[PDB]
Amino acid sequence: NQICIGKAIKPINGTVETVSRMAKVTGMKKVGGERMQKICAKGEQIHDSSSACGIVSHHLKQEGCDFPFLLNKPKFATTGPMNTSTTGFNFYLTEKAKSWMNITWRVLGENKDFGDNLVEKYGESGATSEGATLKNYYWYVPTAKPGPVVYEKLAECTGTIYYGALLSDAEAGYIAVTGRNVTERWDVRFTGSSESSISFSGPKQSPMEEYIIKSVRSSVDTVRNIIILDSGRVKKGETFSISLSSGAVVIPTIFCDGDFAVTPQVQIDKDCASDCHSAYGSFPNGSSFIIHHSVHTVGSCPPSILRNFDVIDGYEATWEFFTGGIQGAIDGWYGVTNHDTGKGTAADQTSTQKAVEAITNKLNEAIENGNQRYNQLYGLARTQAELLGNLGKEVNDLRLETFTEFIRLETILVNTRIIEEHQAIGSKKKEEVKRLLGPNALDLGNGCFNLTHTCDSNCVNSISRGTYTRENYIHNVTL
Amino acid sequence: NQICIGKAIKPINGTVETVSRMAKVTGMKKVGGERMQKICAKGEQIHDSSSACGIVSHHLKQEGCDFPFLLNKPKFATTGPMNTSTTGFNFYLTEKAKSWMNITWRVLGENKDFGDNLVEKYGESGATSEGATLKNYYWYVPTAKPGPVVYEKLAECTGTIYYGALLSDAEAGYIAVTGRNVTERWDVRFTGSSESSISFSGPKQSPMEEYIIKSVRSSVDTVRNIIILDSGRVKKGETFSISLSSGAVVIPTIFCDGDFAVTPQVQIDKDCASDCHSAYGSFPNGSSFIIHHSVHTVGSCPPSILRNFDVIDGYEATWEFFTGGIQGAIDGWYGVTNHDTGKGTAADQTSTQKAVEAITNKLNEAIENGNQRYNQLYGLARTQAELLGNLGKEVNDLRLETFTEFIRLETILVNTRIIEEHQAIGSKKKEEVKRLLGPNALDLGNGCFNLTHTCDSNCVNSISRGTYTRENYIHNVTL
Amino acid sequence: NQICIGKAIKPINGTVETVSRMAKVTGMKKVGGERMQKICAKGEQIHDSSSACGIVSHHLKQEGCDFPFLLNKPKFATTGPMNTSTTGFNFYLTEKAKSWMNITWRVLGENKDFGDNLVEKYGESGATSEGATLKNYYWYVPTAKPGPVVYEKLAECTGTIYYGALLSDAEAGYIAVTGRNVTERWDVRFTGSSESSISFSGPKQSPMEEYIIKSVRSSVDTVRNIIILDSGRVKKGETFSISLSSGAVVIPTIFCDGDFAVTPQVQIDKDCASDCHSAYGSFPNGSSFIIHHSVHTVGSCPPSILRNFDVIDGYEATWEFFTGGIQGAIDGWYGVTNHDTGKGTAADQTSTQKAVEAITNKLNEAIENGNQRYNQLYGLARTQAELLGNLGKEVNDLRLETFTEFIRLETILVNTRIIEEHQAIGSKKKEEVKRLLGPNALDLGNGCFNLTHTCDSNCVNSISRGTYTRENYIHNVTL
Ligand SMILES: *[C@@H]1O[C@H](CO)[C@@H](O[C@@H]2O[C@H](CO)[C@@H](O[C@@H]3O[C@H](CO[C@@H]4O[C@H](CO)[C@@H](O)[C@H](O[C@@H]5O[C@H](CO)[C@@H](O)[C@H](O)[C@@H]5O[C@@H]5O[C@H](CO)[C@@H](O)[C@H](O)[C@@H]5O)[C@@H]4O)[C@@H](O)[C@H](O)[C@@H]3O)[C@H](O)[C@H]2NC(C)=O)[C@H](O)[C@H]1NC(C)=O
Ligand SMILES: *[C@@H]1O[C@H](CO)[C@@H](O[C@@H]2O[C@H](CO)[C@@H](O[C@@H]3O[C@H](CO[C@@H]4O[C@H](CO)[C@@H](O)[C@H](O[C@@H]5O[C@H](CO)[C@@H](O)[C@H](O)[C@@H]5O[C@@H]5O[C@H](CO)[C@@H](O)[C@H](O)[C@@H]5O)[C@@H]4O)[C@@H](O)[C@H](O)[C@@H]3O)[C@H](O)[C@H]2NC(C)=O)[C@H](O)[C@H]1NC(C)=O
Ligand SMILES: *[C@@H]1O[C@H](CO)[C@@H](O[C@@H]2O[C@H](CO)[C@@H](O[C@@H]3O[C@H](CO[C@@H]4O[C@H](CO)[C@@H](O)[C@H](O[C@@H]5O[C@H](CO)[C@@H](O)[C@H](O)[C@@H]5O[C@@H]5O[C@H](CO)[C@@H](O)[C@H](O)[C@@H]5O)[C@@H]4O)[C@@H](O)[C@H](O)[C@@H]3O)[C@H](O)[C@H]2NC(C)=O)[C@H](O)[C@H]1NC(C)=O
Ligand SMILES: CC(=O)N[C@@H]1[C@@H](O)[C@H](O[C@@H]2O[C@H](CO)[C@H](O)[C@H](O[C@]3(C(=O)O)C[C@H](O)[C@@H](NC(C)=O)[C@H]([C@H](O)[C@H](O)CO)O3)[C@H]2O)[C@@H](CO)O[C@H]1O
Ligand SMILES: CC(=O)N[C@@H]1[C@@H](O)[C@H](O[C@@H]2O[C@H](CO)[C@H](O)[C@H](O[C@]3(C(=O)O)C[C@H](O)[C@@H](NC(C)=O)[C@H]([C@H](O)[C@H](O)CO)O3)[C@H]2O)[C@@H](CO)O[C@H]1O
Ligand SMILES: CC(=O)N[C@@H]1[C@@H](O)[C@H](O[C@@H]2O[C@H](CO)[C@H](O)[C@H](O[C@]3(C(=O)O)C[C@H](O)[C@@H](NC(C)=O)[C@H]([C@H](O)[C@H](O)CO)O3)[C@H]2O)[C@@H](CO)O[C@H]1O
Ligand SMILES: *[C@@H]1O[C@H](CO)[C@@H](O[C@@H]2O[C@H](CO)[C@@H](O)[C@H](O)[C@H]2NC(C)=O)[C@H](O)[C@H]1NC(C)=O
Ligand SMILES: *[C@@H]1O[C@H](CO)[C@@H](O[C@@H]2O[C@H](CO)[C@@H](O)[C@H](O)[C@H]2NC(C)=O)[C@H](O)[C@H]1NC(C)=O
Ligand SMILES: *[C@@H]1O[C@H](CO)[C@@H](O[C@@H]2O[C@H](CO)[C@@H](O)[C@H](O)[C@H]2NC(C)=O)[C@H](O)[C@H]1NC(C)=O
Ligand SMILES: *[C@@H]1O[C@H](CO)[C@@H](O)[C@H](O)[C@H]1NC(C)=O
Ligand SMILES: *[C@@H]1O[C@H](CO)[C@@H](O)[C@H](O)[C@H]1NC(C)=O
Ligand SMILES: *[C@@H]1O[C@H](CO)[C@@H](O)[C@H](O)[C@H]1NC(C)=O
Ligand SMILES: *[C@@H]1O[C@H](CO)[C@@H](O)[C@H](O)[C@H]1NC(C)=O
Ligand SMILES: *[C@@H]1O[C@H](CO)[C@@H](O)[C@H](O)[C@H]1NC(C)=O
Ligand SMILES: *[C@@H]1O[C@H](CO)[C@@H](O)[C@H](O)[C@H]1NC(C)=O
Ligand SMILES: *[C@@H]1O[C@H](CO)[C@@H](O)[C@H](O)[C@H]1NC(C)=O
Ligand SMILES: *[C@@H]1O[C@H](CO)[C@@H](O)[C@H](O)[C@H]1NC(C)=O
Ligand SMILES: *[C@@H]1O[C@H](CO)[C@@H](O)[C@H](O)[C@H]1NC(C)=O
Ligand SMILES: *[C@@H]1O[C@H](CO)[C@@H](O)[C@H](O)[C@H]1NC(C)=O
Ligand SMILES: *[C@@H]1O[C@H](CO)[C@@H](O)[C@H](O)[C@H]1NC(C)=O
Ligand SMILES: *[C@@H]1O[C@H](CO)[C@@H](O)[C@H](O)[C@H]1NC(C)=O
């Protein structure tokens, strides 16, 4: 008779893309994990103050709004919109200040305060009765006005600082506080990692009239003071400077960069745990990549891609007379048969184990390469707050597109590598079988060996374990 | 005798580049189409007003210059340079305003007007006798001056708006119109998709003196008014705001984004039609890509690349004793011979048809991939006007370089895939021939089969159409 | 007997990465050259003035500090820090001015002067006794003040120009020079390749008070004048304009772009020569790429990459019965044996020479492709000064990361191509040997040929040079 070695015939599950062709495979999966329909927040605390506080109220430490100063900060937080009024004075924010305040109120790090340094350098802060509820502000009102100074300080962390002015909308109060003429225009300048500036004038002159018109009015209608704020950026090891004159104001806190909380936009479900969450749902455990449109997430999360890709999970179907496949059912991926089905077909676990190990190792190497590329693209020392703030109002990140293209190319390369490794394993197994069999028989060049004798089911079964011997099968002659 | 199957010998036309090697091929073509030496403008209207109008005159709706308000806008348009004087007042434009006005005067979309809203909100516009020829402007001159306000409106389309001031160069007129003091400095601010601002002062104070010196004088030498203009951007669904004081001016029209006309720079030829045009010539019909240095074009145009690449159009020349080639001439790419030339060599159309179909399908898949990459690079909702305006004075687009590199890699991949598919077709044909022939004969391992009998001229022809039978050829024995 | 042809067995040196697998090779090297521990400055002059001059002193042509006006400019230069005082007036620089002055004081090109044009256009420059030591400045003080003008000039080279004001910190001097009121705010504007502006006011008004506080005091404590400077950029063929008023100042020199000197940061070693230097060490001669984190270098330097990669330098080890390897030692890479070691094994130099040439040619093509990609990424007409100035305070260049990724991919492709070419050479050699031998013998399909006769060592070496003939070996019969 004769024997053959090959793969187990299984239904074709799909098609994957290699470098030079498309291959039909018996099994495939997806590299990235898909978003769920809810947020699994078991074991996590949720902060919600949308009915009592606004974004600005948190920065100024209003009574009952102290998220940036909590000892333990919840990963999920919600609050009122940007235009929510406070109980103190009226406020105005620039566009840059709005963009950065959308983030800085919910940073999960530890914030640094430098109000005591200002107090000891320039004396006690100015006092007004309209800001009794708020606490976190320093008002520079020297005895001799305007009395310009430049305040320099070495920062303790990378972050943002809000500065500006606090002025009345009446001419008498403005003159009493600033000590300038109404027709004059003056500036407050900030020099840190970058440069920022803001201009002020009298209540009936530009641009202060526009500030008055555009300001957000407070809950108390008798309050005349408006606090106008801009933002500046500071680096950890460098020094920053602020040009101060009478009437200038500064919030004496550095809002350090890092992770910041996620505002839930979908249903929050308890009695369900996870480790990677986003504003629109959680992700399955142990994902190599996640299908997300941003880098903002909480918990332990992998890199994000914009779309999913298919990777091989089985083996190529290289079959339609022997054509490499084995009709008989076997418990494995490779087998030895003698055209007898039911008991004369035996499978070898060694080749299947090798193929599974090859798939695992190639996938691990691919994931490592992708992580290295992600680190190169975004940087080793990166923070989500800084990236999101620098993006600004833009919702499209080009680095995500570059990373997605790289991941697609990597997936194609992985499919190619896995297929080639499987081919090498099969060729090595065939060569080993030919070596073990003997030189007497001849090879048909397709994995089937014709023996000089008859090979019963026991002869086939002995070959798979490798204990086959030629002595007991020499009898009789056939071709 | 014996028979052989193989490819038709043809002269080598060139060399293409694959992933792992360079392959010699009998035919190749180019992916992209080349620019022509003229513009084919049959069936298209051409606008030319360079002898009577300038760029600014079109925006202000000067008598005889109304391109942005035409019902049907020609695809080709020419007009005077930016420094062309108008018949109204003198004008001054910022650098950003100049850059955006180079584009906005020839947008092919429909522009939105909001002058009636301004009139009903604030009353009739201010009137001067020096602007009788121009129509498209609103001059905010309230009864009580300065009377600052903030005008907010929800936009109807994404586009640009030109704002600023309209002031005299005499102190008396400036004081009468603005109602301010000459020593004061005031601002006009625009808040839309971004932020813009511009400053004004008295005629003898900075920066108004520089505006007077740098202004473009009008045709009438008795005109004292100067209109100073800056630009701002608005998004479709969002609201925009302008800070207005007495003396401020605004052009009450949103110049919507989209396609804009092309100014011809080469000879215009009628009696010749095309569908893709550029400023330096037209392009051939039905091109997958065009060799262009920008994304600005009119008509139906494909993506543009910076240089051309070669793609395979024939088959690889895998020949220098039989070496895979067939000496005898045949009407196809594949054939069967018996070392007899003239009638005993027969060609099979099936393999040639399969190879041509493979080339076509691979090229189509490549073009689809390139289109997807282009959409990812530039965005699904993109307009030529916005891209060109954001580019500014820069003439080098990095996205074009990235796309060209991607297209080069794609072309290499396509060559590899086509060559592999041709190899697979050839191997399948050889296996089918071996199966059809029979087990009696032996294979030399190079596509040539030695028969046990003689194969005459009719025997070769019988094999080609697949009706070959063994019964009538068993007679006689040879090796 | 029998003969075999194959590769010489050598110890495995390493593993390289190809497109679809990792290959074990007998030799590999690195694409890029590594930085040395010293600067080899034999035959080069070194400039050092850190004990007498500062950066600003060089621009103003202070007595003894004239690097930008030297006939021959040394490639290595050192000077005092930016905050070094001068012997003239006090100075203040904006952040942009500081960033550009860090570079422009050491440009190696020829600088263009236009002071004579200013003198002939507007008369003799204003004179003060506090600037007797400095020479390179023009002070615009007309007879009728303020007397605003706009100065337009066609540039001669691409570069930077420093402009601004020169004012006293006393009210009387400010009024006498400017001719303005103290409460007014005025601007100096620069229009070139981009737009720049700077604002001034009275000594007791913003922002001049901040300039006074932040200024760097001069060596002489009786000097009251402060020169406040900003920077602007000019292109070669275009015209630039400056808005000048009484009291404005401008440095009448265009600091042309190009290469600029390197400040040594490591030990300088003479009696040692090189052609590529950086601030932290030199590089070996004749390197295709250098491991550097920037594009700033002096001498003839190749493109820089951020990390090194391995390229093949030998051949793949395709061996563990004959398995393609030859046990006997030979003087080459390929050989012919008859299982007799010591004298019956002969090597062929043709295949080894072909393999070495293939390696060289593939590496050269790779280097050419990398150079083309570098030129596309950075531009054909580029200068180091412009790139470094546009980078600013950023120390991470993304184009370097893109180039490094491209070089990694290119190295993988080169390994693949070299291995494929070696395989082709081996297959061609085997086919030629089979053709030369004869049809009588049979092939075992593994590079070993069994002859019908015995083959002594003489029969073996006769094959190597190809003068083998069958006539003298027909005698005797064996299998
Ligand atoms: C303070 O800072 C916050 C954080 O920066 C700001 O949050 C952003 O607010 C935006 C305005 O509300 C918001 O934009 C909305 O996003 C919604 C997203 O939900 C969608 O769900 C769909 C399915 O139901 C998806 O189809 C859709 O888009 C997909 O996203 C996938 C990833 O999940 C991608 O793989 C897919 O390709 C697909 O398409 C992407 O869409 C992206 C835009 O969402 C786009 O950038 C990307 O290129 C792909 O094209 C999406 O998942 C939409 O339903 C809304 O219509 C609207 O677009 C941002 O998502 C918020 N960002 C984050 C990180 O939370 C907050 O606004 C700010 N506050 C203020 C006052 O400024
Ligand atoms: C209002 O907006 C308009 C649109 O934004 C502005 O139009 C631009 O005006 C510029 C100044 O007039 C103009 O620059 C000129 O371009 C000419 C182009 O013609 C050349 O023809 C040559 C053959 O005869 C080509 O060799 C040459 O360059 C090639 O272009 C090929 C594509 O066609 C490329 O594949 C090749 O690589 C090759 O090299 C490219 O050159 C590009 C620059 O042209 C460069 O960006 C690219 O990276 C490659 O290096 C070119 O085709 C030149 O002859 C002139 O010397 C000058 O460079 C722009 O082309 C105009 N742009 C468009 C889209 O029309 C208009 O200026 C503005 N008005 C104001 C007042 O600002
Ligand atoms: C006027 O202009 C000058 C030129 O623009 C400015 O010079 C810069 O000054 C900076 C501050 O002094 C200086 O930053 C320092 O750089 C040092 C570099 O020396 C290190 O040596 C180490 C080994 O001993 C390396 O490990 C290290 O980094 C490596 O660099 C390799 C290339 O040589 C890379 O292949 C490696 O990946 C590795 O990591 C890189 O680091 C880079 C930063 O150095 C980073 O950008 C890159 O992405 C890689 O991550 C480095 O070689 C450090 O020791 C110091 O700690 C500090 O970082 C800049 O290097 C100077 N730039 C140049 C071109 O000279 C000058 O500041 C300015 N003056 C003013 C007043 O502004
Ligand atoms: C009916 C009415 O509003 N009449 C006003 C009258 O209120 C106003 O007097 C000012 O009123 C405000 C009301 O909130 C404060 O009470 C002002 O007192 C203080 C304050 O505590 O806010 C005193 C404090 O010492 C001042 N601080 C500094 C640093 O100077 C501030 C400061 O002057 C102002 O807040 C300016 O921003 O004010 C009280 O003076 C008078 C103005 O004299 O005008 C009537 O029409
Ligand atoms: C010889 C000479 O020029 N003498 C001037 C004299 O012209 C000037 O009077 C002004 O002259 C201009 C000439 O174009 C206009 O006629 C001015 O009239 C108007 C106008 O432009 O129609 C009247 C109009 O009601 C005004 N509109 C508004 C909204 O206020 C404008 C406006 O005041 C000015 O255009 C300012 O921009 O002017 C006419 O007053 C006198 C100035 O009184 O000075 C002589 O030297
Ligand atoms: C003790 C003391 O400082 N008393 C000052 C007295 O110095 C000052 O007079 C000015 O002093 C400076 C000292 O460096 C110069 O000597 C001024 O002379 C000149 C100069 O040469 O610098 C004269 C020159 O013609 C002027 N140039 C122009 C273009 O106008 C300049 C110019 O006025 C100033 O430099 C302004 O920047 O000054 C000399 O006038 C007096 C002021 O009158 O004040 C005492 O308190
Ligand atoms: C996914 O990961 C989460 C971790 O966030 C798992 O939740 C933990 O499960 C272990 C084992 O049951 C418990 O001891 C922990 O108390 C759980 N954490 C919390 C916060 O409850 C979760 O089991 C994992 N598997 C899923 C969700 O299928
Ligand atoms: C290229 O495309 C243009 C379309 O712009 C073709 O011109 C049209 O040709 C058809 C068929 O002859 C006519 O019915 C149309 O009237 C033509 N259009 C116009 C505007 O005249 C042109 O024939 C195509 N082929 C070329 C140019 O070779
Ligand atoms: C590396 O290159 C340098 C050139 O910068 C070589 O130095 C020159 O060597 C030649 C030959 O000995 C001399 O004639 C020149 O005078 C040298 N130049 C200088 C400036 O001295 C150097 O020899 C090369 N090889 C090394 C450094 O190993
Ligand atoms: C292999 O052996 C079987 C029976 O022993 C025979 O039918 C078959 O033809 C043989 N294969 C070949 C290629 O001759
Ligand atoms: C492939 O296998 C999966 C099992 O994970 C199955 O859900 C899917 O339907 C299969 N696809 C086909 C085409 O049979
Ligand atoms: C405040 O903002 C919210 C959403 O940003 C908006 O719905 C609301 O109308 C705003 N309130 C006012 C008074 O404009
Ligand atoms: C305001 O200006 C006048 C002169 O214009 C001046 O006398 C007065 O001192 C100025 N006001 C202050 C507070 O200095
Ligand atoms: C094939 O047959 C021809 C003649 O029938 C003969 O000359 C040739 O040697 C044969 N091929 C081989 C490999 O023996
Ligand atoms: C290749 O074929 C084209 C036909 O389109 C011909 O123009 C060209 O000259 C040929 N090239 C060579 C090298 O024969
Ligand atoms: C107007 O501009 C054109 C081209 O931009 C130029 O040739 C002409 O000299 C300019 N006219 C004036 C008066 O500057
Ligand atoms: C100009 O300023 C003076 C005082 O400096 C003031 O009295 C006058 O009202 C101002 N002009 C206007 C139009 O308000
Ligand atoms: C080749 O010849 C040797 C001796 O001549 C013999 O031992 C060996 O078995 C032969 N090879 C084959 C495949 O028969
Ligand atoms: C590879 O060869 C180099 C010789 O250039 C040698 O220095 C190195 O140690 C070798 N590596 C191994 C693993 O033998
Ligand atoms: C000047 O700068 C150097 C380094 O930039 C610094 O060490 C020194 O303290 C500075 N001098 C002063 C007076 O600030
Ligand atoms: C300063 O302003 C006053 C009026 O405010 C004016 O009379 C005087 O001429 C101005 N100074 C100058 C130098 O013009």
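Chain letters run A, B, ... following the sequence lines, proteins first, then strands; residues in each count from 1.
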Rounded to the nearest 0.5 Å, how far apart are [atom1] of [X] and [atom2] of [Y]?
X	Y	atom1	atom2	value
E405(A)	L377(B)	CD	CG	8.5 Å
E431(B)	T323(A)	CD	OG1	9.0 Å
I412(A)	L413(B)	CD1	CG	8.0 Å

Is the backbone of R417(B) close enough, under 3.5 Å, to the side chain of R21(A) for a donor and an acceptor to pair up by distance?
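A pair under 3.5 Å: no.
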
Selection from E421(B), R435(B), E195(B) maximising heavy-atom pairs under 4.5 Å formed with chain A
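Counting heavy-atom pairs under 4.5 Å, the top option is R435(B).
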
Tell me which of these, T191(B), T416(B), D187(B), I418(B), has more heavy-atom pairs under 4.5 Å with chain A than the rest.
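Ranked by heavy-atom pairs under 4.5 Å with chain A, first place is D187(B).
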
Which atoms of [X] approach chain A - backbone, side chain, both or neither, heavy atom under 4.5 Å:
X	answer
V414(B)	neither
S193(B)	backbone
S197(B)	neither
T402(B)	neither
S194(B)	neither
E184(B)	side chain

Which of the residues [options] is involved in the greatest number of heavy-atom pairs with chain B at under 4.5 angstrom?
options	value
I212(A), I213(A), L306(A), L398(A)	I213(A)
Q205(A), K393(A), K214(A)	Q205(A)
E210(A), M22(A), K204(A)	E210(A)

Does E209(A) come within less than 4.0 Å of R180(B), counting only side-chain N to carboxylate O?
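The answer is yes: the pair qualifies as a salt bridge.
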
Atom [atom1] of [X]: over 12 foreign heavy atoms under 6.0 Å:
X	atom1	value
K354(B)	NZ	no
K428(B)	NZ	no
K235(B)	NZ	no
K434(A)	NZ	no
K24(A)	NZ	no

For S199(A) and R185(B): C-alpha separation, side-chain torsions, deciding distance, then whether side chain to side chain contact (heavy atoms under 4.5 Å, CB included) applies.
CA-CA 12 Å; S199(A) 281; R185(B) 182 183 279 213; over 6 Å; no

Would you kindly say whether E420(B) and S20(A) are connected by a side-chain donor-acceptor distance under 3.5 Å?
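Per modelled atom types, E420(B) and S20(A) side chains form a pair under 3.5 Å.
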
